[PDB]
Amino acid sequence: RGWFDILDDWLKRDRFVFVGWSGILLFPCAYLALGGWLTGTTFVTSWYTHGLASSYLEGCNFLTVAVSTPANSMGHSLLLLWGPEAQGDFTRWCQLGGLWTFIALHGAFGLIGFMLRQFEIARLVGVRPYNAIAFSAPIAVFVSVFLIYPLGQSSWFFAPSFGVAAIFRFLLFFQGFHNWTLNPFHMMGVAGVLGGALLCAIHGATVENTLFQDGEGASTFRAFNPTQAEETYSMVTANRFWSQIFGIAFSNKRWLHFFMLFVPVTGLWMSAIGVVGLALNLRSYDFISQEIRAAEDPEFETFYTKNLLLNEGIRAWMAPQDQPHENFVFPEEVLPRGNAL
Amino acid sequence: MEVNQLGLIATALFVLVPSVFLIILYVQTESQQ
Amino acid sequence: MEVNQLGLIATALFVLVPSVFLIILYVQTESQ
Amino acid sequence: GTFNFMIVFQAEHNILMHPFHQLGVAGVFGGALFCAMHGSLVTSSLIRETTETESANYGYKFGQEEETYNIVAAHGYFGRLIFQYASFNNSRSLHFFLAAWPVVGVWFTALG
Amino acid sequence: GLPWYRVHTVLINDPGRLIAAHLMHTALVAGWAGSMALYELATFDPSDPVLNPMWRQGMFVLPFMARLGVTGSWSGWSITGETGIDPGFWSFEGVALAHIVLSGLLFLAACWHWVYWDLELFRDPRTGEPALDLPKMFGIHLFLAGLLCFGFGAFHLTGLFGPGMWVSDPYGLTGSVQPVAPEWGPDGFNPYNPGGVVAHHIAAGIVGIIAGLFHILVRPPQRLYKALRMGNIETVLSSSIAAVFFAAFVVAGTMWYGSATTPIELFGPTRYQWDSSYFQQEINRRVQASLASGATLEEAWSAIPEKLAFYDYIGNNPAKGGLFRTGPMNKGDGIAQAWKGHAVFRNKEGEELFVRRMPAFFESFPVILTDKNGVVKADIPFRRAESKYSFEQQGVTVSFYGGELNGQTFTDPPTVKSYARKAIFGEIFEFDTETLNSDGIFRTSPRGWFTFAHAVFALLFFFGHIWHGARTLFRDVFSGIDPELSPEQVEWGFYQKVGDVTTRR
Amino acid sequence: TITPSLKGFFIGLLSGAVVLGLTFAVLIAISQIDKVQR
Amino acid sequence: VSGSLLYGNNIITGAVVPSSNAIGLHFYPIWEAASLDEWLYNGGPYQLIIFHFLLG
Amino acid sequence: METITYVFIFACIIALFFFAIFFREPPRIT
Amino acid sequence: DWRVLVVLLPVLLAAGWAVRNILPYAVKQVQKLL
Amino acid sequence: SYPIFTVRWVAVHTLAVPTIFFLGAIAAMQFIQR
Amino acid sequence: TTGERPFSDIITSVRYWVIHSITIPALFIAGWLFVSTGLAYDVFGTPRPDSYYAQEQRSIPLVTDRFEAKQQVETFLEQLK
Amino acid sequence: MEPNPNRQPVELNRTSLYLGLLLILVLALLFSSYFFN
Amino acid sequence: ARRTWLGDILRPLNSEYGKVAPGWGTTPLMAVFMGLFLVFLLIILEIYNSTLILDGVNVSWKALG
Ligand code: CLA
Ligand code: CLA
Ligand code: CLA
Ligand code: CLA
Ligand code: CLA
Ligand SMILES: C=Cc1c(C)c2cc3nc(c4c5[nH]c(cc6nc(cc1[nH]2)C(C)=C6CC)c(C)c5C(=O)[C@@H]4C(=O)OC)[C@@H](CCC(=O)OC/C=C(\C)CCC[C@H](C)CCC[C@H](C)CCCC(C)C)[C@@H]3C
Ligand SMILES: CCCCCCCCCCCCCCCC(=O)OC[C@H](COP(=O)(O)OC[C@@H](O)CO)OC(=O)CCCCCCCCCCCCCCC
Ligand SMILES: CC1=C(/C=C/C(C)=C/C=C/C(C)=C/C=C/C=C(C)/C=C/C=C(C)/C=C/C2=C(C)CCCC2(C)C)C(C)(C)CCC1
Ligand SMILES: CC1=C(/C=C/C(C)=C/C=C/C(C)=C/C=C/C=C(C)/C=C/C=C(C)/C=C/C2=C(C)CCCC2(C)C)C(C)(C)CCC1
Ligand SMILES: [Fe+2]
C-alpha cells in the first residue's frame, strides 16, 4: 500500500468521467489539440504561411476557417515554441504556423491516450479489447495522412490544414496531383466506408423489423430490458427474409458483429497504405498501355484520358495560389483550356 | 494494347495460389465429418 | 533468347494444376 | 466514368461546399464509425462459450433463444469510455439509431 | 478445429518445434538473399558506373553488399569501375553462395529440431512442463547482440580486422569502401557523419554487453513479471514487434532523407537534392570558378563531370515514380548514354533565359522561360491566338556548352522548343530507349522502393503489436467474457474503484 | 559551444519536467486525501 | 468515347457511356433507330440499361 | 489476353454466386 | 497593457461573485475529507 | 450532502468557461467593418 | 449513480443561477472586450483589415527562410510603418 | 519418444470458402488492370 | 524427454522459470535509464530535425568533406 498503489486507486475510481492512468496522457493532449484548433480558427491568420485569411476574426465563416500548415520554408520543423524558429515569441509562433504542429502532435498523443483508455477500461471491466483494436483504424489514417504524408514531401506545408474548406482543398489536390481516385487502396477504403454505412443501416433496420412483440404499446422501444436473457428480435425470421430477398443471409450473430468490425476497419487500413505511397508521389496515376495507344491514335478516348485532362486543369489553375512559395507565374497563354471556357 | 506481359501470370497466380489453399482446407474439413 | 513468353504460363499451370489436384486428394485422405 | 461525373459535378456545382453533401459524408463516415463501434462492442462482450482452439463464432447457434453477448457489460465499458449517459442500454433504440443515421445522411446526399 | 488464421499457435507450448519453425524462417530468408543476389548478378551491367549505376538498374541487394565492402565479382569487374581485380572468396558470388549454403544447413537443422522436439532442456525441472525462462534468455541474447554489435563496429567498420564501409564525398562522385575512424564527439550524432556509425556500434555494443550481463544475473521484479506476463511468450512477441516497427520507421526515414548509411552512389539521390537544387548549385559553383579562372564558356562546362550532371536530372528523383510503373529506372527514360551539354537559352535580345524546372509534385509541367530576375520572357503557349511570349515571337535560341553538343546553337523553333521541353527535367541527356524498349515514363529508384516497402511494413506491424499485446494482457478473456459477470461489477457506483471488488460501499 | 537552440532545449526540458512534476505532485496529494475505504 | 473492354479498356477505365447530348432527354429505344449501328453510336444501351435498372 | 482474363474472373464470380446461393450450408435451428 | 485588465476584470468579478455565494457550502465538503 | 467541486466540476468548466468567452469574442466580431 | 450531483438538479437550483447569471455574462463581456479593445489582434499577430498589404503592395509577405523567418515577418510589419 | 501432443486439426467451413474465394476473385478483378497496366 | 550432451550443458540456463525479485526490485533504476534514454532520443531527433543546432555539427551531406 504505497503511493503508487494509492494513486492507482484514485485514478481508477468510478466517477462520472473515468480518469485512469491513460487519462494522464489523454486529457491534457486532447484538450490542447482542441483548444489549439478553436483558438486558431477564432483568432489566427494564415497570411504569412499561406497568404490566406483563416479565422473568424478575419471574416471567415465556419466552413473557411482553418488552422493552416506552416510555411513550406519550415520544412518538417517541429516548430517548438522554444525552438529556433519562434525563439519563444508566442506571437511569431502563431504567425509561423506553430499551432499546426501543436495540434498535430498533441493530437497524436491524445489518440494514443484514447486507445490506452480503451485498453484500460476494458481490462478493468473484464471485456475483450476489440473496441481498442478497431480504433487502430482511425489512428492509421491520422498518422499516415497528417504525419507520414507530409514527412515524405517537402514540408508540413502539404499536409491537410485543420479546417472544412481546407480539407476540401486537400481532396481536390489529391485528385489533380496524385489521381488518388484511380488508386486501388483508396478504392478499398471507399468500399470499407460505404460497406460500413450499408452494414450499419441494414443491421439496424433488420433488428427493428424482426422484433418480437414483447410489449402492448405501439412504441416498441419500451419492451426491451437490458438484463433480459432473450434475443429481442428473431434471427430466424431475419435469416429467412434475407435469404429470400437477396439469396444469402447471416445465420451467426457473432460472425455478423465481427464482420461489422472487420469491414470499416480494414477499409481504413487499406486507404492508409495508399496515402503512405503518396507520401513518395508513388501514385496510381496512369495506365501505361492507355497512354501509348492514345499518343499514337488521336481518336482513342476513354474516361481515363478525360479525367487526366481535368487533373491537368486543376494543377495549372490552382498551383500558383496553392503553393505561393514556388512563385509560379503562368501567363494566360500557357493555361490549359478547352474551347470557349 | 501494349500491356505488361507478366500481368497474365501474375493474375493467374494471384488467383490460383490462395484459392487452391482455401479448397485444400475445405475438402479435408468435409472428409472429417 | 527469343522464347515464347506464353511458355512460362503454360509451364506454370502444367505443374500447378495437376499438382494441386493430387495434393487436395491426399490431404483429404489423411484427415479421414 | 464515375470519377469523371464527380469531378465535373464539383466544377459546376461546388458540391463539397453544399450542406447536403456534407450531411452525406456525416452519414457515411458516421455509418462506418457506428458499424465499427457496434461490431466491436458486441464482439467485445461475447460470453465465453468456446475454447482458445475454436472460433468464438461457434458459441452462437442459429435460432438459440438467449442473447450471445452481455449488453450490460458493453454498456458498462462504453459508458465509462465516454460517460454513462452517452451510451445505450436499450438494444432497440441502439439498433434504430444504427439504422437512422446512415439512412438520413444518404437521403440528404441524394437530395443534394 | 483450429481456424486457418490460428494454425501456427500449435507452437506456443512447444519450444523445439518453435525453434524448428524459426530455423525454417531463417533458411527461407537467407535463401531469398542468395537468390536475389544471383538474379541481380545475372542482370547487372557493370560497364558504366557513371551513367548506368546500380540504382538505375533496379538493383536492390547489390548496394547492401557494396555498403559493407563487397565490391567485386569473380568475373574481374568491380562496382567502382576498376578492372582486373581478385576480390578473393567474398565476391558478390561468394556472398550469394554463402547464404545459399547457409539456407541449406538451416533447413536440415529445422528438420532435426522438428522431429526431436521433446528435448529435456525445454522442460522445467521442477514441474516437467515445457517452459522457457524468458528473462534469462533475454540477457543471454542481449549479451550476444552486444558482442556482435561491438565487434562489427570495433573490427569490421574500422578496418582493424575488416573492410570498412562505403563512404563518399558530399556529391557522390568518388565513393569507395574505406575504413572509418570513430567520431566520439557531438558530430557523431550527425546522421551524415560516417564516424558516428562506428562510435555507435562500439558504445552501444558495450552497453549491450553490460545490460546483457545485468539481465542474466538479475531477476525481473515481481511487479513487472506480473504486469508484463513475463511467463507468456506472447508478451515477447508484442514487444518484439513494437521494436521492429520502431526500427522500420527509422530505416525508411533515413533512406528517404539520406544518411551516412544510404549513400547516393548505391541508392540514388534523394528528392530533397532536387528540391534544394543541391547538385545544380555545386555545378554552378564549378563553372563560376572555372570562368573566374579565365576559362571559356565551353571550357568551364566541359569540365563538369558527367556523373555530377546526371544527378541534376529529375529522372533520378525518387519522387517521380509510380506504384505500378515496374522495373528499373532504365525501363522508363532509357539507359543514359551521354550528357548532351548544358543548354543556354537566349531571346532575340541576347538575354539569357532560364527554363523553370518541373517540381516533383507535377506529372506534367509547362515550359516557361524567365530571366535572371524571375520575369517571364518566353513560354510554349497552349492557346496560340493571344500568345505574346512564344518562342517564335521572342526568337529563343539554345546553345550547348560541354557534353556532346558543345559549341552548337539551334535556332529553328521546333528544336529549340524540344530542348526547352527537356530542360525542365534539369540537365539534358541522351538515352538508349531501344535496348529495354523503354516507355518514357519515370520510375522510382531503389531509394523509393525501399522507403515505400518499409514504411508500409512498419505501419502494418503496429497493428501486430496491438493485436498480440491485447492478446497478452487479455489472455484470460480471449474466448469471451466470464458468463457470470454480474451487473454490480459493471454498473456504476457499486465499487468505488472500477472492477476492484474490495471497494463496495 | 552553448548555442541558443541548446538553451531552448533545456528550457523545453525543464518546462516539461515542471508540468509533469507539478501534475504528479497534485495527483499524489489528492489520492492521499480522498482514499477508498476497503 | 470508347468504353468497352474489346475497344481498349480495362476494368477500371471501361464504362457503358451515356447517350448523346444530341438526344437530350428524348426517349431512344432500339426501334427509334435506323439500325443497331446507329443506336450503338449514339449510346442507346445506356438508356435501355438505366431505365430497366431503375424500374427493377 | 487481358480481355479474356477480366471476363474469366467475372464469370468465376457469377458461378461462385450460383453456388453460394443454391449450395450453401443450409442454416439449421438450435 | 491596459487592455488586459479590461478583459480580465469581468472574469475576476465572476470568480469573486461565485467565490462569495459558494464559500460556505464549499467548506463543509473539505471538512468531510477527514 | 453532495460534493460541489469534483473531477466532473473541472471537466465541465474546463470547456464551458472558454466557450462563453469565445462566444463573446465572436459576437463582437460581427460588428467589425473594413 | 456515481455520487456527483445530478445535472438536472443543478441548473434548476436557485443558487446555481444566482452565480451563473453573473459568471456567464462576465465571460461573454471579457471575450467581447478581448476583441473590441484590439488585444486579440496583437496577442496573435493577426492582421487588421488595413494591414494585409502596404498601400501600393500586392505581394503577399510570405515567409521564405526557416531560421530568419522571425526576422522576416518583423521586416514586413515595418514595411507598414 | 512420444508423438507430438500439440497437433490440432484445421477447419474451413463452406461459408468461409465462399467468402475467401469471393475475396480473392474480387481482389484479382480489382488489381488485374494494374498488373497489366 | 530426450536428454543430450548439449542439453545437459545448457540446462542451468533454462532452470529459473518464474523466478522473480521481490516487490518493485530494480524498477526505480530502470526508470532512470528510460528517462535518460528518452532525453537522448530527443537530442538525436531534434539534431536531425534542426531544432537542435550545435557548433561543429553540420547536418548536411557537406559533412563528408
Ligand atoms: C502531459 C501530457 C503532455 C504531453 C504528452 C505533451 C507533449 C508535447 N507538448 Mg505539450 N503541454 C502540456 C502537456 C503535454 N504536452 C501542458 C500541461 C501544457 C500547458 C503548459 C503544454 C503546453 C505545451 C506548449 C506550449 C508546447 C507543448 C509542446 C509539446 C511537444 C514538445 C514537448 C517536449 O519537447 O518536451 C520536452 C520536455 C520533456 C520531454 C520532459 C522530459 C522529462 C525529463 C527527462 C526530466 C528532467 C528532470 C530534471 C533533470 C531534474 C531537475 C534538474 C535540475 C534543474 C534541478 C510535445 C508534442 C510544444 C509543441 O507542440 O510544439 C509544436 C509547445 O510549443 N506543450
Ligand atoms: C464515394 C466517395 C468517397 C468515400 C466514401 C471516401 C472514403 C474515404 N476517403 Mg476518399 N476521396 C474521394 C471520395 C471518397 N472517399 C474523392 C472523390 C477524392 C478526390 C481524390 C477523395 C480524396 C481523399 C483524400 C485526399 C483522402 C481520402 C480519404 C478517405 C478515407 C477517410 C477515412 C476517414 O474516416 O477519415 C477520417 C479521419 C480519421 C479517421 C482520422 C482520425 C480522426 C479522429 C478520431 C477524430 C477525433 C475528433 C475529435 C474528437 C474532435 C471532434 C470535434 C471537433 C470537430 C470540434 C476513406 C477511406 C483519406 C485517406 O485515405 O487517408 C487514410 C485521405 O487522406 N479521400
Ligand atoms: C549515447 C551515450 C553517450 C556516450 C556513451 C557518450 C560518450 C562520450 N562522449 Mg557524448 N554525447 C552524447 C551521448 C553520449 N556520449 C549526447 C546525447 C550528446 C549531446 C549531443 C553528447 C555530447 C558530447 C560532447 C559535447 C562531448 C562528448 C564527449 C564524449 C566522450 C567522453 C568525454 C569525457 O571524458 O567527458 C565526460 C563525459 C562523460 C562522463 C560521458 C558523456 C556525458 C556527456 C554526454 C558529454 C559531456 C561533455 C564534456 C564535458 C565536454 C568536454 C569538452 C568541452 C571542451 C566542450 C565519450 C566518448 C566529449 C568528447 O569526446 O569530446 C569531443 C565531448 O566533448 N559527448
Ligand atoms: C522490401 C522488399 C523489396 C523491395 C523494396 C524490392 C525492390 C525492387 N525490386 Mg525486388 N524482390 C523482392 C523484394 C523487394 N524488392 C522479393 C521478395 C522478390 C521475390 C518475389 C523480388 C524479386 C524481384 C524481381 C524478380 C525483380 C525485382 C525488382 C525490383 C525493383 C522494382 C520493384 C518494382 O517494380 O515493384 C513493383 C511493385 C508493385 C507493383 C507494388 C506491389 C504491391 C502489391 C500489388 C500489393 C498487393 C495488395 C494486397 C493483395 C492487398 C490486399 C490485402 C487486404 C485484403 C487485407 C526494386 C529495386 C526488379 C528489378 O528491377 O530488378 C532488376 C525485378 O525484375 N525484385
Ligand atoms: C514476427 C512476426 C509475427 C509472428 C511470429 C506472429 C505470430 C502469430 N500471429 Mg501475428 N501478426 C503479426 C506478426 C507476427 N505474428 C503482424 C505484423 C500482424 C498484423 C498483420 C499480425 C496479426 C495477427 C492476427 C490478426 C492474428 C495473428 C495470429 C498469430 C498466431 C497465428 C498466426 C497463424 O497461424 O497464421 C496463419 C496464417 C496463414 C495460414 C496464412 C497467412 C497469409 C497472409 C495473409 C499473406 C502471406 C504473407 C506471406 C506469406 C509472407 C510474409 C511477408 C512479409 C511480412 C515477410 C501466431 C502466434 C492469430 C492469433 O492471434 O491466433 C490466436 C490472429 O488471429 N497475427
Ligand atoms: C472524420 C471522421 C471521423 C471523426 C470525426 C471521428 C471521430 C471519433 N471517432 C471516435 C471513436 C472511434 N472511431 C471509430 C471508427 C471510425 N471512425 C471513423 C471516422 C471518424 N471518427 C471511421 C470512418 C471509422 C470506422 C473504422 C471507432 C471504432 C471508435 C471509437 O472507439 C471512438 C469512440 O468512442 O467513438 C464513439 C471518437 C474518438 C474521440 C477521441 O479520440 O477523443 C479524444 C480526442 C482527441 C485525442 C483529440 C484528437 C485530435 C485530432 C486528431 C486533431 C485535431 C482535430 C481538430 C480539433 C478538429 C478538426 C476539424 C476540421 C478538420 C474540420 C470520435 C468521436
Ligand atoms: C447519440 C446517442 C445518445 C442517445 C441518447 C440516449 C442515451 C441513453 C443514456 C442512458 C440510458 C438513459 C438515461 C436517460 C437520461 C439521459 O439520456 O441523459 C440525461 C443526462 C443528465 O443526467 P443527470 O445525472 O443530470 O440526471 C439523471 C438523468 O438520467 C435524468 O433522467 O445527461 C447528461 O449526462 C448530461 C451531462 C453531459 C455533460 C458532460 C460534459 C462534460 C463531459 C466531459 C467529458 C468528455 C467526454 C469524455 C472524454 C472521453
Ligand atoms: C492553444 C494554446 C493553449 C491552449 C488553449 C486552449 C486550451 C483553448 C481553449 C479554448 C476553448 C475550449 C474554446 C471553446 C470555444 C467554443 C466555441 C466557440 C463554440 C461555439 C459553439 C457554437 C457557435 C455552437 C452553436 C450551435 C450550433 C451552431 C448548432 C448546434 C447547436 C450549437 C448550440 C452547438 C495554451 C494556453 C496551453 C498555450 C499554448 C497555446
Ligand atoms: C538442402 C541443402 C542445400 C541446398 C539448399 C538450397 C539450394 C537452398 C535454396 C533456397 C532458396 C532458393 C530459397 C528461396 C527463398 C525464396 C523465398 C522465401 C521467396 C519469398 C518471396 C516472397 C515472400 C514475396 C512476397 C511478395 C510477393 C510475391 C509479391 C510482392 C509483394 C511481396 C514482397 C509481399 C545445400 C547444398 C546448401 C547444403 C546441404 C543441404
Ligand atoms: Fe446488433
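Atoms within a ligand are numbered from 1 in the order they appear, just like the ligands themselves. Proteins get letters first, then strands, A, B, ... in listed order; numbering begins at 1 in each. Basis for what follows: all heavy atoms, side chains included, without hydrogens, waters or symmetry-related copies.
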What atoms of ligand 3 come within less than 4.0 Å of a heavy atom belonging to E/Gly185? 62 (C)

If we number the atoms of ligand 3 from 1 as shown, the ones under 4.0 Å from a heavy atom of M/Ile43 are 20 (C)

From A/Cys29, does some N, O or S atom reach closer than 2.8 Å to atom 10 (Mg) of ligand 1? no

Heavy atoms of the protein only: does one fall short of 4.0 Å from [atom]?
{"atom": "atom 14 (C) of ligand 9", "result": "yes"}
{"atom": "atom 5 (C) of ligand 9", "result": "yes"}
{"atom": "atom 21 (C) of ligand 9", "result": "no"}
{"atom": "atom 48 (C) of ligand 1", "result": "no"}

Option with minimal heavy-atom separation from [atom], where the choices are [options]:
{"atom": "atom 23 (C) of ligand 1", "options": "A/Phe102, A/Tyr31, A/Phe27", "value": "A/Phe102"}
{"atom": "atom 54 (C) of ligand 1", "options": "F/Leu22, M/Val32, F/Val18, F/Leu14", "value": "F/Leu14"}
{"atom": "atom 15 (N) of ligand 3", "options": "M/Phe37, F/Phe9, E/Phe189", "value": "E/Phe189"}

shortest atom 8 (C) of ligand 3-to-protein heavy-atom contact is with E/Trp184 O, 4.1 Å

Would you mind running through ligand 1 and noting each atom that sits below 4.0 Å from a heavy atom of [X]?
{"X": "F/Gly12", "answer": "36 (C), 37 (C)"}
{"X": "A/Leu80", "answer": "61 (O)"}
{"X": "M/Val39", "answer": "44 (C)"}

Any idea which part of [X] is under 4.0 Å from ligand 1, heavy-atom wise: side chain, backbone, both or neither?
{"X": "A/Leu25", "result": "side chain"}
{"X": "F/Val19", "result": "side chain"}
{"X": "M/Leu36", "result": "neither"}

Heteroatom proximity flag, F/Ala17 to ligand 1, N/O under 3.5 Å: no

Does any N or O atom in M/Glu46 lie less than 3.5 angstrom from one in ligand 1, N or O only? no

